[PDB]
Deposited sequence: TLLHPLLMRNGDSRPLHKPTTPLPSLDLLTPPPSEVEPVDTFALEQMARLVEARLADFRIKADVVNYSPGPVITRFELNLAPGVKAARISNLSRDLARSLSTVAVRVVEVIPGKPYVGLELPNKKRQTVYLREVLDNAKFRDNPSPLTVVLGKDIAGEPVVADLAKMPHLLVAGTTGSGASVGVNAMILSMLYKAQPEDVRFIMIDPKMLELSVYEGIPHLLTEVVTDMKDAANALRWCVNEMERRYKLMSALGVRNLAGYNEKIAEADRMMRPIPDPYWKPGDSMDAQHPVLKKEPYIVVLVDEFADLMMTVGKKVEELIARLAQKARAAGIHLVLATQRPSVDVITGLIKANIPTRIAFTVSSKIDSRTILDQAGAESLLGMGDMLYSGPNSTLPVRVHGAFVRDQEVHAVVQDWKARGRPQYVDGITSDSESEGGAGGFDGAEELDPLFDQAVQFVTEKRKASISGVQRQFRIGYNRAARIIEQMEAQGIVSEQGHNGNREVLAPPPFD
């Protein structure tokens, strides 16, 4: 419902660089040809043809030096270019382009998608808009260093939803233990409860979810339904026929249930003080919340084996890595290097559950002010109908 006008509107140098890359590469016992290259908004991917035997892991363990052999902040070595037998070398463009939220929001890919948890990621290395469905993730983990784009990235996601879902479609439980990052959304009618600030309430909020999931699963059985979607259609049906479905377990009639998106900003604070208990709850939720319409988003900027633990990783299939400071950090996030080779400012590596190959995406950009604009627009439509007990 809010308007898009609340958001701002959107070969020689190459071959020379291709020739220097081939020169710096041959500068070692690495013979390779730059058979091709494709330029995008932020980087340019050079396709190298390694000589017989030359492992693609040989360049990867030399990205730092190589990036230094030329004048670029960093260089990313993609071991496998989908569809081609060549190795990829991503270099930053001299003139970078901003990827505007609005440009992706105004695309068919976002417009056509029926899911209310559709989110804009950004654009792929070739300039194509990338959208994703939180419902299909079905839970996500966002991580990076401080100003690499995680926060802006999360805002892009929520705004995505605020540009397609009515509260009846999606409700949020926002956990911001420390500071006020998510506090900017206070008042949004979508909020199920006030932004959670006490670390103990957080645990309670999660426990609520766990029960809300069993409740929804009970109902789904009574109607012989598999998804939350199938349940709502049964309910829509009952509505069209003015044949209200009375609660089979109990005046009182069943109603449409919204998707609940649980957002935890810097769940590191949640771990470094209530870790064990939280992990316990996250794991249970992440295992069966999908069909029940409950989805987790865990954001952090302190990617450590203490935060992104084994269990956490084992329960959150989809992960997003914004620029990190080291390979270790990246591996903790993606169980694979690469994110320490991004160019900051929204540059990211998406890693879904249905593939081992990560995908580079330049995150959409949203002004802190546009967030306020969008939030003000939503609060004018009315205040949130809080649900009691979530925090108690």
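Undergrad: Could you please spell out the deposited residue ranges that have no C-alpha entry in the coordinates?
TA: Several stretches lack coordinates - namely 1-22, 33-40, 281-289, 432-512, in sequence order.
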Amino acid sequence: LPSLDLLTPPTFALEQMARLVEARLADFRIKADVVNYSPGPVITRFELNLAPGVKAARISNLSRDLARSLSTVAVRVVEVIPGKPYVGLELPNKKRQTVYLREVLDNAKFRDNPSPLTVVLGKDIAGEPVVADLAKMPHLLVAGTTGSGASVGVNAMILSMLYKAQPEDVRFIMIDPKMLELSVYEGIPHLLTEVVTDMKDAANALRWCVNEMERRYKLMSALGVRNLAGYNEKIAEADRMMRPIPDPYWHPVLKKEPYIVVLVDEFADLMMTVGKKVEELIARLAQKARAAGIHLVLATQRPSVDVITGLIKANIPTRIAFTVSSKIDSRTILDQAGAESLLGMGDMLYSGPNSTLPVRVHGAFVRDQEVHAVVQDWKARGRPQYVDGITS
From here on, numbers count along this sequence of modelled residues.
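Undergrad: Taking the recorded C-alpha temperature factors, which stretch has the higher mean, 133-141 or 307-315?
TA: The recorded data point to 307-315.
Undergrad: Identify the stretch, either 344-352 or 39-47, whose C-alpha atoms have the larger mean B-factor according to the entry.
TA: If you average the C-alpha B-factors of 344-352 and of 39-47, the larger mean comes out for 39-47.
Undergrad: In this PDB entry, which of 362, 331, 367, 31 has the top CA B-factor?
TA: Of the candidates given, the C-alpha B-factor peaks at 31.
Undergrad: What's the residue among 116, 83, 153, 244 with the greatest CA temperature factor in the PDB record?
TA: Of the options given, 244 has the highest CA B-factor in the PDB entry.
Undergrad: So where's residue 375 on the chain's Cα temperature factor ranking, which third?
TA: According to the entry, residue 375 has a C-alpha B-factor in the chain's lowest third.
Undergrad: Residue 57: which third of its chain by C-alpha temperature factor?
TA: Highest third of the chain for residue 57's C-alpha B-factor.
Undergrad: Going by the recorded CA B-factors, say which third of the chain residue 257 sits in, lowest, middle or highest.
TA: As the PDB entry reports it, the C-alpha B-factor of residue 257 lands in the lowest third of its chain.
Undergrad: Looking at the C-alpha B-factor of residue 299, is it in the lowest, middle or highest third of its chain?
TA: For residue 299, the deposited C-alpha B-factor lands in the lowest third.
Undergrad: Lowest, middle or highest third: where is residue 169 by C-alpha B factor in its chain?
TA: According to the entry, residue 169 has a C-alpha B-factor in the chain's lowest third.
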